[PDB]
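Peer 1: Attaching a single structure in structure tokens format; questions to follow.
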Amino acid sequence: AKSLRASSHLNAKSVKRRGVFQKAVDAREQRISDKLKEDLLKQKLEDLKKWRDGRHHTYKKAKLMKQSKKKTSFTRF
Amino acid sequence: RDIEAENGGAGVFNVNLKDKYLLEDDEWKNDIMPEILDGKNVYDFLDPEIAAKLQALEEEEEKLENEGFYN
Amino acid sequence: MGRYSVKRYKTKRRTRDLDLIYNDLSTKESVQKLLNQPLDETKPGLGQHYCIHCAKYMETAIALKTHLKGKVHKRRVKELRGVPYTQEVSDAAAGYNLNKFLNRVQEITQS
Amino acid sequence: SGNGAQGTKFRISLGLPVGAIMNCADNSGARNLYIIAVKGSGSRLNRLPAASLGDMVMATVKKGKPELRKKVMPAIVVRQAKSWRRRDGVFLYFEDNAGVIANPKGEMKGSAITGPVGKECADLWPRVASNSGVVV
Amino acid sequence: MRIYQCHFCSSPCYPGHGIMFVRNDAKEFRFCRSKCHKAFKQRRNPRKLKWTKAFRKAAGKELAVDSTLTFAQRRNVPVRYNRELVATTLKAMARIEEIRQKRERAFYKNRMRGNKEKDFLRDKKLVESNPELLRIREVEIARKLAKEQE
Amino acid sequence: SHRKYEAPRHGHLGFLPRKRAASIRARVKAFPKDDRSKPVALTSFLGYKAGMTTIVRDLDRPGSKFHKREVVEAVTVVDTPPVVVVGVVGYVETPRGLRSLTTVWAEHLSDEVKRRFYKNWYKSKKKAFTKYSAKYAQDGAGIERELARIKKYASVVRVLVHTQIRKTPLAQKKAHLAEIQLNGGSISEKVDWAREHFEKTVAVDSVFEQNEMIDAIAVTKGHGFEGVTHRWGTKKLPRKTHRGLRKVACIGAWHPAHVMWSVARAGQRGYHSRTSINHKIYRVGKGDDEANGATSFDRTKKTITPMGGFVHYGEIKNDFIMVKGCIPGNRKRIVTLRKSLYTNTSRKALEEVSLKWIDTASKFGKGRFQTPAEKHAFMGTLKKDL
RNA sequence: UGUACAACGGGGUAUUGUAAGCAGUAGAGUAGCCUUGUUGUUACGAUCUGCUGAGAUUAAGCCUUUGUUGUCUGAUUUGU
RNA sequence: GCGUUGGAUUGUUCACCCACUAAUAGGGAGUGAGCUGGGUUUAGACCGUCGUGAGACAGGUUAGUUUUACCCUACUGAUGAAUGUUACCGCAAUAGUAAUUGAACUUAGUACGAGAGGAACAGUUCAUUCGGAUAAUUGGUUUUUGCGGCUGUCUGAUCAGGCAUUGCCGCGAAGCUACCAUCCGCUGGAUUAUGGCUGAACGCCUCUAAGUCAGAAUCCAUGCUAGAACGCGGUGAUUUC
RNA sequence: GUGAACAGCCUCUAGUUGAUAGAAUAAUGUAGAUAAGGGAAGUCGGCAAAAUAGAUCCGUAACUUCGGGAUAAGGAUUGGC
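Written out as structure tokens, the structure reads:
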């Protein structure tokens, strides 16, 4: 009966989202974030056991001069 | 129904069958009984007085040793 | 898997199993039921002329008498003399319900 | 599911297409049933409506009591020769595929069932479970 | 869940493995694999097929009557739960497997005692019977030592 | 003349063209919606599909017919050693779409990544990032400039990770590099996190955890040129039909005087990129932890590696992800595991998974034993033993 | 020029179903032989039993490898 | 948007019949030498009617060769030259798009009802059809000719083998594979009919004129597939005698 | 040699090893097989395949021109020693 795109069932889903489901998502995420912090701490703890530049400037200037010299510019003529 | 109603509804209330059975200790009310170990059915080896049969086996086996069964 | 085995041993063509036949042979009441049987329009010979061991029906007393002198009947008779292979035997062979297997063998041998 | 069926039915492998003779497990006097239709089946183009354990069919009594033949009564499949899966994983099958005569509301015409009855059919049909001496 | 045993070869059929056959008697027949299932459908005797445990028990290839093999039975009447009882059960099972492996090693050694002298009788009969290649052998070691000087 | 009997289309028109995927590693075309309130997290991961096995699960699904009943499930084991961050990419939001603004790499890159940048690694001088490590020497002025640029302008930050493929049983030494988007935290927080991580690894349990629904994005198994009867499921024509029976019979009408794009034709099957969503994580294993494959119902103390290893894949020595059901792609294949793009509202996404048992029997035959110890104790002593 | 790769080998893991050879009284019986006897005996004899879940196969798109032996080399082209 | 069946029947088709189904809607382009059945079915033959006849018909019955593409285009898949070279990581114009239906617990034997009977939303569980994958398991398959056996013959016998157009039989890993196996398939805007708000036209009124709220499986996006081979970005290395 | 056989299959004497080859093993074909459960529901039509099949023994209907039908039908067997 009621389709996937059904407004009624989607609205029941949306009411349900904000309850137990988003709670469980956010709590799960907090736990995984703490595990990541543990992981980085362990790794740093084993660690203690021991323009942009001239390249990009010439690159861009050449590219723009080639586009102006072959008449192939999106932005200028 | 009342506990079922305040915990989520008919199909959402996950009934704990464990919190109503009768033991010598409520602290092992929710403890998991193992089913399998090294290819053997734990339930089928499960027996009251298993210590008695086990100790009789141990006596017989160390007798077999001291009699010289694995020379 | 081939042709012959799948042709003969379908669950459609599955015949009576040996332990069931052993239990048919076990008591005098069941055997005397199986011999003096009610008439049955579907079964060959109207249900008379039954070979208990082979668990198949013959069309007449001639076909039964000829059946009892054949190597097929001998092969079936030999298959049934000892202790029928039940789940007791496949259980105790791995160390499981070994006691009931053993005393079942004793009961079979004594009766 | 059907009328008189208790709750949902999960998928099991279809064993009995239309035109399949199946044994009559009950004692209503029929000796075999001939599936002419299957309840609940979808409309796929060349697909024969097929029946499985626990499914209600429409069957004619082809051999047996003359008071029952030439009539089309509902039947409920209780055994099956096609191996299907049980969720506590095991694929199982019976030696024959059989059914029982039921009125469309689920009640057994017979007063008993002989031979085993699958638990997927006993569970789904209370009047089958209540008339089956052997389950699984 | 539990391990059932193949009705043919007594092998462990774990959950999800093999198939089962149910007769008109509610007697289930578990099979560990299609090999045993097909051999059963073909009415083959498992007590005459050497690779089954039933054959090895009936012929005496493996020990059959033992104290360690009686502990695993199907417990019809159950017992109430108890952590101490079940932990002693797990320890018991760990002990029983060790003792039964030792006893089956002993049984196999008993079965294969006597192989040494019979194999030696075969070797002595072969060496007695074939002295000509023994002379050939003597010559080959003689060549070996004559070569090994430098 | 109208179609006499209405039947639905064979196949899906949204999975077209059924061509070979442009790369073996399937792209992630969408990442979960960024929520800056949450802390910084990785939205995907990279692992290798090891194989499949069988699970008994103690199902707690209230309202079900299998409620409070053990159910046997098939699962897929994805070998997931930790991936290590090596770079950042900042994306600006432009009226023609997202645009990579800049990319900052770690100071030291392993051989595994550097191999990814060569077709002929053995012949090379291995000069991969030699002029780029020097940007860290001059107190990191260029590195800091591009990171400040990401902070100033980027509206999407993606980290660059890669797999320690040497930890897998794979013969391939060329690691797999990818962009993983960072969700949570502001742009500056994303960049600072990533800078802190430029040579540290990220374990799989720092991205996913048990009882989470994840998406599997992988290029499927390839089958070569395959005909209509099985590329689309078209019915076989009657026996000994002239010109053959494994092909579609009529192709077109008198008009449009062409074969339409919708008519099923033969061609490449498989090796297509697919995104399969909502795969429940049944176990996030740990590499160092022996008894990966043991549970609280099964005390055998065994790892998830089947006897004989997996088939066409070695052992599982690493962290792994075991997901319910089957996954696109075959074994040995790089898969991308993604966080779910939406807060799923099914009750399956909420369930805690309670395994009773993992099938570690051999996949190289009709395996009947879980451990070599069990096989030995069931066989008895052999002739190799005295 | 190496935790390299390869060809073999070893170990697992899987498939079959108990190898060749020898022995045995185990064996329907039939011949012969005398100690004419109850395992009488010498020979044949499908098959059976013991060595022996043995033997074979096992990546060719299985896993692993403290072993052995060898290889690491040519050709072509590409510049803002 | 999405589905619209299985059979029985007779020159066929509809009809009609039986049933299943959510429903078994009606049509176009249809598939005249893609494949096929009857008929246009040509020389054989038989019977009927007519004709003096040869014969032809009011008929009826029967048997009866038909042959792309290797060309172009379309379509399905697959390469690919050059825009310094080379490598990796991406963007997204455009184009395609997909999910579907049933009933089950609960709401309930409640609303509603003399009574017979008897809903639904919210909360849940499965299944039908479709689709996309996958091979843990089960089943199928076997030139693994992997193992074993059988027949006939040949290599003097044993061994070990040959041949029998893959000899046959049993089991058979791996691979392939099956609703014959298993998993997975969503959520935001804007609207239609309609229901309204404010409010003139028209000193009443009015959902409409200005303005505006809600609202269909609709549309457009999200998500999913391809990636413009003449769309683009970021980044790495850029030849020493 | 097997076998009833100048059948099929294997071999001795004699003859030949000639038919463009090599490498892969996609779809579709040509030729040949196997397939769970059901068993004609497929089709214009059981087309094609399957099933049957040698020999011995038991037994064998209607009808009939009394000759047949008839290998009717339906059963029981088959190795080795």
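Sequences listed follow chains A, B, C, D, E and F, in order.
Numbering of the first sequence is given in my numbering, commencing with residue 2 and proceeding in unit increments.
Numbering of the second sequence is given in my numbering, commencing with residue 22 and proceeding in unit increments.
Numbering of the third sequence is given in my numbering, commencing with residue 30 and proceeding in unit increments.
Numbering of the fourth sequence is given in my numbering, commencing with residue 462 and proceeding in unit increments.
Numbering of the fifth sequence is given in my numbering, commencing with residue 327 and proceeding in unit increments.
Numbering of the sixth sequence is given in my numbering, commencing with residue 41 and proceeding in unit increments.
For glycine and all other residues, C-beta sits at the position ideal for the given N, C-alpha and C.
#1: Just to confirm, is the Cβ distance from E239 of chain F to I33 of chain A under 8 angstroms?
#2: Specify whether the region 455–464 of chain E and the region 51–69 of chain C touch according to this definition: at least 3 beta carbon pairs, one from each stretch, less than 8 angstroms apart.
#3: Three-state secondary structure (DSSP) at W49 of chain B?
#4: With distance defined between alpha-carbon atoms, name the residue in F:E113, F:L141, F:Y353, F:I321 nearest to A211 of chain F.
#5: For chain E, find out if any of its Cβ atoms is closer than 8 angstroms to the Cβ of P577 of chain D; answer yes or no.
#6: Measure from the alpha carbon of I50 of chain C to the alpha carbon of each residue in C:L63, C:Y38, C:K39, then state which is nearest.
#7: Skipping 5 residues on each side, what residues in its chain have a beta carbon closer than 8 angstroms to that of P510 of chain D?
#8: Along the alpha helix (DSSP H) that carries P412 of chain F, what are the first and last residues, could you check?
#9: Given a cut-off of 8 angstroms, decide if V80 of chain F and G225 of chain F are closer than it, judged by their beta-carbon atoms.
#10: Taking just the CA atoms, how far does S74 of chain A sit from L65 of chain A?
#11: Give a yes or no on whether the minimum CB-CB distance between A365 of chain E and chain D is below 8 angstroms.
#12: Can you confirm whether the region 228–242 of chain F touches the region 160–177 of chain F when touching is taken to mean that 3 or more C-beta pairs between the two stretches lie within less than 8 angstroms?
#13: Where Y495 of chain D and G468 of chain D are concerned, what is the direct C-alpha to C-alpha distance, given to the nearest angstrom?
#14: Express the C-alpha separation of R546 of chain D and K444 of chain E in angstroms, rounding to a whole number.
#15: Would you kindly work out how many angstroms separate the C-alpha atoms of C366 of chain F and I374 of chain F, rounded to a whole number?
#16: So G273 of chain F packs on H416 of chain F, CB below 8 angstroms; how close in whole Å?
#17: If contacts are defined as beta-carbon pairs under 8 angstroms, then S313 of chain F and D255 of chain F qualify, I think. What distance do you get, rounded to the angstrom?
#18: Please say whether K191 of chain F and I227 of chain F have beta carbons closer to each other than 8 angstroms?
#19: Among all the DSSP beta bridges, which residues are the ones paired with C485 of chain D?
#20: Consider the Cβ of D119 of chain F: report whether some Cβ of chain E lies at a distance smaller than 8 angstroms.
#21: Got a sec, what are the start and stop residues for the beta strand (DSSP E) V453 of chain E sits in?
#22: With a cut-off of 8 angstroms, does the C-beta of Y554 of chain D fall near any C-beta of chain C?
#23: Only counting the same chain, and skipping five residues up and downstream in sequence, which positions put a Cβ closer than 7 angstroms to that of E229 of chain F?
#24: Any C-beta of chain E sitting closer than 8 angstroms to the C-beta of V518 of chain D?
#25: Determine, using beta carbons only, whether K396 of chain F and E113 of chain F come nearer to each other than 8 angstroms.
#26: What does the Cβ neighbour count give for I321 of chain F, buried or exposed, with the cut at 16 atoms within 10 Å?
#27: Report the three-state DSSP secondary structure of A2 of chain A (helix, strand or coil).
#28: Closer than 7 angstroms between beta carbons: that is the criterion. Which residues of the region 340–368 of chain E meet it against chain D?
#29: Rounded to whole angstroms, what is the Cα-Cα separation between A123 of chain C and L109 of chain C?
#30: Who does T93 of chain F pair with in a DSSP beta bridge?
#31: Leaving aside the five residues before and after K36 of chain A along the sequence, list all residues of the same chain whose C-beta is less than 7 angstroms from its C-beta, in chain order.
#32: What's the C-alpha gap between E82 of chain B and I329 of chain E?
#33: Distance check for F366 of chain E and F334 of chain E, CA to CA, integer angstroms please.
#34: Considering only the beta carbon of each residue, do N564 of chain D and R540 of chain D sit closer than 8 angstroms?
#35: Relative to chain F, which residues along the region 381–402 of chain E have a C-beta separation below 7 angstroms, given in chain order?
#36: Against chain D, which members of the region 38–68 of chain C pass a CB distance test of less than 9 angstroms?
Peer 2: The answer reads as follows:
#1: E239 of chain F is not a Cβ neighbour of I33 of chain A, given a cutoff of 8 angstroms.
#2: Short answer: they don't touch.
#3: Three-state DSSP puts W49 of chain B in a helix.
#4: Looking only at F:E113, F:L141, F:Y353, F:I321, the smallest Cα-Cα distance to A211 of chain F is reached by F:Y353.
#5: Chain E, which has a Cβ nearer than 8 angstroms to the Cβ of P577 of chain D, makes this yes.
#6: Ranking C:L63, C:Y38, C:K39 by CA distance to the CA of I50 of chain C puts C:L63 first.
#7: Take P510 of chain D, set aside five residues on each side of it, and the residues of its chain with a beta-carbon closer than 8 angstroms to its own are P478, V479, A498, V499, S502, in chain order.
#8: From DSSP, the alpha helix (DSSP H) with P412 of chain F extends over 412–419.
#9: Yes, these two residues count as a Cβ contact at 8 angstroms.
#10: Looking at the two C-alpha atoms, the distance is approximately 8 angstroms.
#11: No, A365 of chain E lies away from the interface with chain D (no Cβ there is under 8 angstroms from its Cβ).
#12: No, because fewer than three Cβ pairs between the region 160–177 of chain F and the region 228–242 of chain F fall closer than 8 angstroms, the two stretches do not touch.
#13: For the pair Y495 of chain D and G468 of chain D, the Cα-to-Cα distance works out to about 26 angstroms.
#14: Taking the straight line joining both Cα atoms gives about 54 angstroms.
#15: Computed Cα separation, rounded: 15 angstroms.
#16: In this structure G273 of chain F is not in contact with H416 of chain F, their Cβ atoms being roughly 47 angstroms apart against a cut-off of 8 angstroms.
#17: The Cβ separation is near 13 angstroms, so there is no contact.
#18: Result yes, Cβ atoms of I227 of chain F and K191 of chain F sit closer than 8 angstroms.
#19: DSSP lists D:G560 as partners of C485 of chain D.
#20: At a cut-off of 8 angstroms between beta-carbon atoms, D119 of chain F makes no contact with chain E.
#21: Here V453 of chain E belongs to no beta strand (DSSP E); instead the alpha helix (DSSP H) covers 441–455.
#22: Closer than 8 angstroms to the CB of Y554 of chain D there is at least one CB belonging to chain C.
#23: Counting only Cβ-Cβ distances below 7 angstroms, and skipping sequence neighbours, we find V80.
#24: Closer than 8 angstroms: no.
#25: Contact flag unset, no.
#26: So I321 of chain F ends up on the buried side.
#27: Taken through DSSP and simplified to helix, strand or coil, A2 of chain A comes out as coil.
#28: Answer set for the region 340–368 of chain E: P341, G342, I345, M346, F347, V348, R349, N350, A352.
#29: About 24 angstroms.
#30: Paired residue(s): F:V115.
#31: Excluding its 5 nearest sequence neighbours in each direction, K36 of chain A has no C-beta neighbour in its own chain below 7 angstroms.
#32: Their backbone Cα atoms lie some 28 angstroms apart in a straight line.
#33: If you draw a straight line from the Cα of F334 of chain E to the Cα of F366 of chain E, it is about 7 angstroms long.
#34: No, the Cβ-Cβ distance between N564 of chain D and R540 of chain D is not below 8 angstroms.
#35: So the close ones are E388.
#36: Under the 9 angstroms Cβ criterion, the region 38–68 of chain C contributes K39, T40, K41, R43.
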